[PDB]
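A.B. asks: Can you read through this structure? Questions will come right after.
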Amino acid sequence: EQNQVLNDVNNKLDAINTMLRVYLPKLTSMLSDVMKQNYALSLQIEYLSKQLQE
Amino acid sequence: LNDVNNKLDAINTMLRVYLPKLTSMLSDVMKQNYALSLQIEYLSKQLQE
């Protein structure tokens, strides 16, 4: 019984951990893209400020 | 070993529940940033007029 319950632990944890491995890089890339988009918005607002100065 | 099993399974199902929420939240944040970009383009058109 001990060996089979340990096998169950093994498979459960390995599956969930590979799911986490798949997930995390997606979040990292999403945050990087969000920061890039915020920088783009900053540039747009600087252009707006130049327009207002003109 | 049973204690290890239950602890790790519980925490791992918690992580499973959590992560998709973060993914959806980031997608919605990016969509909202795109909406802000469109609003600012409309502002620029107003300023050109």
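A.B. asks: Give me the inter-chain shielding for B:26-33: mean count of other chain Cβ atoms within 10 Å, whole number please.
C.D. replies: The mean count of partner-chain Cβ atoms within 10 Å per residue comes to 4.
A.B. asks: Structure shown: which of A:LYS36/B:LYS21; A:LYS12/B:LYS21; A:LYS36/B:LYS7; A:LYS50/B:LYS31; A:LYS26/B:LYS7 lie over 29 Å apart, alpha-carbon to alpha-carbon?
C.D. replies: Flagged as over cut-off: A:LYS36/B:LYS7.
A.B. asks: Compute the separation of the alpha-carbon centres of the stretch A:33-47 and chain B and state it in Å as a whole number.
C.D. replies: So the separation of the two Cα centres works out to 19 Å.
A.B. asks: What do you get for the angle between helix B:2-48 and the principal long axis of chain B? Use alpha-carbon atoms, 0 to 90 degrees, nearest ten.
C.D. replies: The helix B:2-48 is inclined about 0 degrees to chain B.
Values quoted throughout were computed directly from the atomic coordinates according to the rules given, and no laboratory measurement underlies them. Methodologically, a virtual Cβ is constructed for each residue, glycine included, from the backbone with ideal geometry; neighbour enumeration extends over all protein chains shown.
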